[PDB]
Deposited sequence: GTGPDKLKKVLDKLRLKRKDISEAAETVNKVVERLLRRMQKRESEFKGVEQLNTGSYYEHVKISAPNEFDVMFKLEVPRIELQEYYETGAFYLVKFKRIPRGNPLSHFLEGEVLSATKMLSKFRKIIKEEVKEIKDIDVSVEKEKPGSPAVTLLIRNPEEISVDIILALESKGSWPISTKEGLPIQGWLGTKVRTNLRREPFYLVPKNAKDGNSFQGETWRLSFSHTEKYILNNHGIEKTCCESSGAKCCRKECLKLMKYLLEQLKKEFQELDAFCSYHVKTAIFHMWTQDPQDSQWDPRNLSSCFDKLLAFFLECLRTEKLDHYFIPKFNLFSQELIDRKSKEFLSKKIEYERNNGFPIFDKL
C-alpha cells in the first residue's frame, strides 16, 4: 500500500507528457532535418527513440529523453579492444573521420550546436561536453528543465560480435524464436570510449542494445498477453520504477554513489526477470515481496562484486576496476538500512 502510493507520486501526468513531447519533437525533428542537407557526412541518419520515457518506465516527470541518430555503414570490420567485450575499433562519405569516434562525434556535435544557435522559438542550449560521453545533451526550458541526449550510432547488419554469443539468455523466458529474431536485427556502436587516460580511447566505440532493451520492456512476459487489454497485469515495470527511484534518491544525498547509474538497476532486473520467468511470480498483489526479492538480488550483486552486462556476459559492470569495494559496501549498507526501516527515503 505504501509502495502503491509511492508509484502514484512517481506517475507522470498526461498534461506534462504532452507539453514536454511537443517541444522535444520540434527540436529533434529540426536537428534531424539539418543532418540530411548538403554534403553532411551524416546524411541518411535515422531516428530511434530509446530509454525510460519510450519504455514507459520514466519516473517523476517527463524531463529526460534519449534519442539515437543511427547511420548505416558499409563494410565494417570490428576489432575488440583488449578483451573488454563491449569496446571496439572500427575499420573498413565518412572518409574525413580506423574510424575515429571522437572526430566523428566532434563533427556531429559541431553541426548540432549550429542548428541550435539558429532556433529562435525555444529556450534551448547545448550542455558543455562531458569527456568520454557519446551524447550531445540539449537543455530545454519549457519553462521546466528538460534534458535531451542525442546519441550518434553506427548501425551494422552483420552477425552480432562473438562477445555476445552467450548473452541475452532469454530462452526460458521469452524463448528461442524471440532470441533468434532479436539477433537478426542490426547491432549499434556508440562513441563512448572512456576518458580513462588509460587506452587508445578516442577511437573506441561501445556496443548498444537500446533497441533490444526497448523490445524487452514492451514484450516482457512469458505469456504473450502479459499487461495487454485481454491479459493479466504484472508488476515487473513497477518494481523497476521503485528500484530506479531508490537509487535516484540515494544518489542525490550521497556523493559516494557517483559511480552508480540507472543502467545498473536495468541490468540487474533483466537478470531477475530471467531467473523468475513466470508472470505469476510478478503478480501485482505481491508488489512488496517482488520489490524485496529485487533488493536482495541487487545486494548479492554488490556483495559478490558481480553484475554482468545482459548482452555481453564477460563484461562485469561491478568489477573492481570500475567501482571500488568501498563504494559497493556503502551502497549495500544504505539499501539494507532503507529496506529495514520501511524506506524513509521515499517520504517527501
Counting from 1 along the deposited sequence, give me every gap where there's no C-alpha, start to finish. 1-4, 97-103, 109-112, 364
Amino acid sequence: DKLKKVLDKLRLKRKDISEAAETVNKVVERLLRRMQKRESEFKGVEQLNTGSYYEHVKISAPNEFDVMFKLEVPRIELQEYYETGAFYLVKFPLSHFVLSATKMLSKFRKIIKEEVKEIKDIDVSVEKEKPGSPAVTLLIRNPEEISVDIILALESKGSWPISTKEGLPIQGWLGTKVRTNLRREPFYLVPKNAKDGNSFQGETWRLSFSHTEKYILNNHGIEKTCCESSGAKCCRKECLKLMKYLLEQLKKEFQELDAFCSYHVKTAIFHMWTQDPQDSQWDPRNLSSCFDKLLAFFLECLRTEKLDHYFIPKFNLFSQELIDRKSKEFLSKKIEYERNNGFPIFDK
From here on, numbers count along this sequence of modelled residues.
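Take the two forms, superpose them, and find the largest set of C-alpha atoms that agree within 1.5 Å; that set is the rigid core.
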Is the larger C-alpha RMS shift in 7 other deposited structures of this protein, relative to this form with the rigid core superposed, found in 64-72 or in 298-306? 64-72
Core-fitted, the stretch whose Cα atoms sit farther from this form in 7 other deposited structures of this protein, 282-290 versus 39-47, is 39-47
Mean C-alpha B-factor higher for 137-145, or for 176-184? 137-145
Would 198-206 or 269-277 have the larger average of its C-alpha temperature factors, as given in the entry? 198-206
Please work out which residue in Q47, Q320, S60, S52 has the highest C-alpha B-factor recorded for this crystal structure. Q320
For the CA B factor values reported in this entry, which option in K244, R236, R75, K214 has the top one? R75
Looking at the temperature factor on the CA atom of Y263, which third of the chain's modelled residues does it land in? lowest
Would you mind checking where the Cα B-factor of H56 ranks among the modelled residues of its chain, as the lowest, middle or highest third? lowest
Split into thirds by Cα B-factor across the chain's modelled residues, where does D308 land: lowest, middle or highest? middle
Taking only the Cα B-factors deposited for this chain, tell me whether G221 sits in the lowest, middle or highest third. lowest
Where the record places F298 (Cα B-factor, split into thirds across the chain): middle
